[PDB]
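Asks: Here it is: the structure, laid out below.
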Amino acid sequence: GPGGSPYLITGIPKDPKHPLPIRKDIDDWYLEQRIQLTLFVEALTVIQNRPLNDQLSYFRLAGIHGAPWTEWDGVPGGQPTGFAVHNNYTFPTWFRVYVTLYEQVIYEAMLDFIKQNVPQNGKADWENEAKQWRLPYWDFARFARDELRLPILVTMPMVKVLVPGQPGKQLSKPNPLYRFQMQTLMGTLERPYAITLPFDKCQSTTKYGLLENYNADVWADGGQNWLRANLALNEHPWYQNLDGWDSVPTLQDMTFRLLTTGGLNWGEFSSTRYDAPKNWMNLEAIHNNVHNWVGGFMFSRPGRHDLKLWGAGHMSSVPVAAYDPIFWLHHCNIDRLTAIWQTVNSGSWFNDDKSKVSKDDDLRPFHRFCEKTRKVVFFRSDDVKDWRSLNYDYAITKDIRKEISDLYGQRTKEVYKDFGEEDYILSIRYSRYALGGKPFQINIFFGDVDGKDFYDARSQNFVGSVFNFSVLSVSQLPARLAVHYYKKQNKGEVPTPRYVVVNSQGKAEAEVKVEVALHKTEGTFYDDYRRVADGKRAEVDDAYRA
Amino acid sequence: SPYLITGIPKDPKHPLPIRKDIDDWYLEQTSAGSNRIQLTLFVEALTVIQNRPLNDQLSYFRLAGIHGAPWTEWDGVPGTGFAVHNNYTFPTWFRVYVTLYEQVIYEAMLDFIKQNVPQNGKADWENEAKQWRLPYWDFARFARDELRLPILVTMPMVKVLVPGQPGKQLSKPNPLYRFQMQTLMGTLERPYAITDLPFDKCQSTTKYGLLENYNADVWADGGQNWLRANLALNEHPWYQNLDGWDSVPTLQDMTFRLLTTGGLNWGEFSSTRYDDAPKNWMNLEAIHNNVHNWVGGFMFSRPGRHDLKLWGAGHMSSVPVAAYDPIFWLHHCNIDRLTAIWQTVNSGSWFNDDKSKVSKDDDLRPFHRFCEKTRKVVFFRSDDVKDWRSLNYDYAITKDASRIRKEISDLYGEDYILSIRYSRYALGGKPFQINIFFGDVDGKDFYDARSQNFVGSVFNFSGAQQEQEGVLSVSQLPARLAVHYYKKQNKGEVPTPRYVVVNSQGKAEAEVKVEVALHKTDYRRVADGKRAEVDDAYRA
Ligand SMILES: [O-][O-]
Ligand SMILES: [Cu+2]
Ligand SMILES: [Cu+2]
Ligand SMILES: [Cu+2]
């Protein structure tokens, strides 16, 4: 680390005046504001502007996750793969430490900002705010203040901040949560940091900004299509856009199921890794879909289209997702979901034969000082079982089942209530390597598939998607409402789930194996699943075949 | 002042330099090689101009302020805006305005060279400054299968040279991407503050970025939704999106028709103005008005439930603030170019008819020039800019008239047409959009090419209030292809045009009457249009 010593990750140091401060919902935090906003903007701006040799630079911190796969804090890189854990049971705990690192670095930069900028009269007051600040989370599954949305702050190119010593003075500055921008294309950074979808041709992170058939200089900064991201985040079955039907965002239904379903062991909950389908709704699968929906992954689509609903961006891409500032807010909420699930599943910690094996893994590259052995070591999962050992908390884990229902279950229950006491789910199992490491999206349909439109909620008969953000991998989709609509159109027949595997060119991959099945139970989930139909690959138009 | 507008001064090493297509120019600047000197000059000069203070009348703000809000003086002329809309001096007033912008930028380029270029490189940089002219945006040309905003306009940053540091290239905010002030424009010092659409709450110009039901802080900079603007620019009948149907962007057909239809007088060509025929209602200003709408967006909300949100408003749709968006000038550069083309193939038609004749001698306030006969400072008049080359610029397409009709055909190439006659003040001066349909109108979707049976639109670029007495506005739409499809689907029935008048809230203004008619080829009137009702939740 800096100074040639390991960087010890502690979380923000304990101050008895500041007992377990909470990580707040970033929309709530923003709306209530403004010293903490100022501190966060100014500190993160400094961190983003730090040199590439500075290991606490935003680029280097993002770089721990994936590309450009260099060392960090003396820990060799070049494994290509990054330090991040994906498709394994230490997914939640590796990221718990990662998110704490980011938060700690920000806090330390806040302290430096105060020392260099804040007059004597205000220093204790600014330090108090730095000490009470924690990294906000993005609640991707909560309705914004009828729909899910990206954080308000993320959709603002500029932000007004205080100017210490100039009371009332405010200045509008570039918002470091809107994008991460470098001084040149990331493909041309000094060795060994070059990033080399045309991500090499990006200077800034983008959401849905990268499309084929535009000048390559447009990719330098493809912009933040936050409206398109919001639309994706609100994915739901296609039939729900017809008159006479109510919609439910699939992401909120999934998250409510995740938090409320009992009986999963840690290995089931923690990861997509697969080595009963009812238990395949897992944290990592939901997190993977959100990555897709925020960033976009399709660069192109075959044929002629005036309205272009595709476009790719950093959040969909494992190697470069960590550069988008929303990455950290996303992972802060994944940490929060982990803490919530831990709270209502108190005994289920690396408790199954498969995850037990990974419990003791070093969470490289993150260092801590072991007090018992007097050695600098790597974090291990047990070190962060209690997130409060890192000196943060969440309001929801301060005391939880009613909160979960209030935040994530109202609309699902409101709409499910209109239909019979049955549940349906879709099980999805695939290999993350079926396209040679390349990402892909699995779309499921009930009924005939439009051979030129097999993509999203506007696609005829669309039920839902599973994103391969990249042993097998599993996910699960709600299917109850989509089955009801199908049955009403088909004399009560159970639909055959039809699936298309879509690549980044918007083309259907015919040799990617996906095991899809529909399962039914009597009774609603939020109050015995049997398989009722086997999936089948759908064919698409010849011009849309990979 | 007075600030004498002359165009860029003549230099014999630079004979009548052309205003280039901005995509061609951008590609020349960035592709031929690394010596992107004009690109650097334009970016650096426009940045300087944009950062000048409000009390500098050659600041970007004040130049844009000539057109509309905040309606102040300019060049000692007391300050509705100075801009001419809905009159036959529309092309000439703007010809001078675009020249002012070009000249101020050129002067700033010279200042940039004096400040930043070493003595030994001054001649090279001056040469490029003297060759540069304001590029035009060819809104009707297929971008290098679809019409598009300029490449450069869609780029948040642009790399520029640093004079004296070869290979010291540097990425800088692109002043063509947006105009950004340091504070919200509703809070500027008096008398400059901008105070239906929350433009007072913008710090930056935006395309489709203002939508209801988002936090107001989002409006400070609503972004540049250039993909959405491109979609609008490629407006065409709804049926062309059905499987098996080729599409043709209406804007290109309109532009082709404008340039190639013979026999218009100046009053017909120059303006939407109709002073109390239909074949001759395809005019320059109407096309220009639709392009404003398509670039900026004018609808702030939409009634009802919509997952996909295709609305959103922005500066270019709004008369009082459109000039702040840097693309405004590029648009107007092409409108000037279309005027020059039309003049070239209609060379006797210049304020030549008893309608436009009286406007010929209007002073084009606030623009000053030096009179050589009286040795006096006077206002520009239309006749002064009849030959645009007197302002020391040209266009490639008019520098060689010989092949102009083929060039027009290459770039932009029974009949049915739609005639549209409307009052700009049908909603007291507020903007609106006239959408025309063949067939049943969807009561919840009556907006654009995704709306069932949509055929085309006419945008009222306007913004206790009435029009000048005896004056209305006209536009024309192509309808041939749309009538073919409608007949094919409807047992050969000639469609009755159905129209909806949409306001900035996405609601239908049921009390607005517009004269819409369908004509067929000598065109005969074959059907009169009728307003269509929409859902009750969508009615104004
Ligand atoms: O996983 O980011
Ligand atoms: Cu992630
Ligand atoms: Cu105007
Ligand atoms: Cu205009």
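Identifiers in this document derive from the order of the structure tokens: chains are assigned A, B, ..., residues are numbered from 1 separately in each chain, and ligands are numbered from 1 in order of occurrence.
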Could you tell me, as a list in words, which residues of stretch 117-241 of chain A DSSP assigns to strand (DSSP E) when given the backbone?

Replies: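 Selection result, strand (DSSP E) within stretch 117-241 of chain A: residues 158, 159, 160, 161, 162, 170, 171, 172, 173 and 174 of chain A.
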
Asks: Can I get the residues close to ligand 1 as a PyMOL selection string, where close means within 10 Å and we count only C-alpha atoms and all ligand atoms?

Replies: chain A and resi 65-66+84-87+91-92+94-95+284+287-288+291+315-322+327-328+330-331+334+469-470

Asks: Tell me, as number ranges by chain, which residues lie within 8 Å of stretch 303-314 of chain B, counting only C-alpha atoms; anything in the same chain fewer than 2 positions away does not count.

Replies: A: 227, 231, 234, 241; B: 197, 205-211, 228, 296-301, 316-318, 444, 505-507, 537-538

Asks: Show me, as an MDAnalysis selection string, the residues of chain A whose atoms get within 10 Å of chain B, using only C-alpha atoms for the distance check.

Replies: chainID A and resid 31 144:147 152:160 170:173 182:185 203:204 209 213:228 230:232 234:236 241 243 247 304:309 452 457:458

Asks: Taking only C-alpha atoms and all ligand atoms into account, list the residues no farther than 9 Å from ligand 3, as a PyMOL selection string.

Replies: chain B and resi 67-68+81+83-85+90+94+289+292+318-320+322-323+328+332+461-462

Asks: Report, in Å to a single decimal, how far apart atom CA of residue A:24 and atom CA of residue A:150 are.

Replies: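 Interatomic distance here is 15.1 Å.
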
Asks: Can you list, as a list in words, all residues belonging to stretch 64-93 of chain B that DSSP tags as alpha helix (DSSP H)?

Replies: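 Taking stretch 64-93 of chain B and keeping alpha helix (DSSP H) only, one gets residues 64, 65, 66, 67, 90, 91, 92 and 93 of chain B.
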
Asks: Please produce an output containing N, CA, C and O atoms for each residue in the selection, written as a CSV table (one decimal), in the first residue's frame.

Replies:
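again.csv, freshly written:
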chain,number,residue,atom,x,y,z
B,64,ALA,N,-26.7,33.9,-28.3
B,64,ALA,CA,-27.9,33.1,-28.3
B,64,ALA,C,-29.1,34.0,-27.9
B,64,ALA,O,-30.2,33.9,-28.3
B,65,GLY,N,-28.8,35.0,-27.0
B,65,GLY,CA,-29.8,35.8,-26.5
B,65,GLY,C,-30.4,36.8,-27.5
B,65,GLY,O,-31.5,37.3,-27.3
B,66,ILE,N,-29.7,36.9,-28.6
B,66,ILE,CA,-30.3,37.8,-29.7
B,66,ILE,C,-31.7,37.1,-30.1
B,66,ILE,O,-32.6,37.8,-30.4
B,67,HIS,N,-31.7,35.8,-30.2
B,67,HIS,CA,-32.8,35.1,-30.9
B,67,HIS,C,-34.1,35.2,-30.0
B,67,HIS,O,-35.2,35.4,-30.6
B,90,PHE,N,-37.5,35.4,-42.9
B,90,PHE,CA,-36.9,34.3,-42.1
B,90,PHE,C,-35.5,33.8,-42.6
B,90,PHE,O,-34.5,33.8,-41.9
B,91,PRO,N,-35.4,33.5,-43.9
B,91,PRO,CA,-34.1,33.0,-44.3
B,91,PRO,C,-33.0,34.1,-44.3
B,91,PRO,O,-31.8,33.8,-44.0
B,92,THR,N,-33.3,35.3,-44.5
B,92,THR,CA,-32.3,36.3,-44.6
B,92,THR,C,-31.9,36.8,-43.2
B,92,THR,O,-30.7,37.1,-43.0
B,93,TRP,N,-32.9,37.0,-42.3
B,93,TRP,CA,-32.5,37.3,-40.9
B,93,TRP,C,-31.6,36.3,-40.4
B,93,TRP,O,-30.5,36.6,-39.8

Asks: Measuring atom to atom with only C-alpha atoms and all ligand atoms, identify which of B:527, B:417, B:49, B:330 is nearest to ligand 4.

Replies: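 Comparing B:527, B:417, B:49, B:330 against ligand 4, the winner is B:330.
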
Asks: Please produce, as JSON lines, a per-residue contact table for stretch 75-164 of chain B versus stretch 259-279 of chain B (criterion: any atom at most 6 Å away, only C-alpha atoms considered), showing the nearest atom pair and its distance in Å to one decimal, sorted by chain then residue number.

Replies:
{"residue": "B:86", "atom": "CA", "partner": "B:273", "partner_atom": "CA", "distance": 4.7}
{"residue": "B:87", "atom": "CA", "partner": "B:273", "partner_atom": "CA", "distance": 5.4}
{"residue": "B:88", "atom": "CA", "partner": "B:271", "partner_atom": "CA", "distance": 5.4}
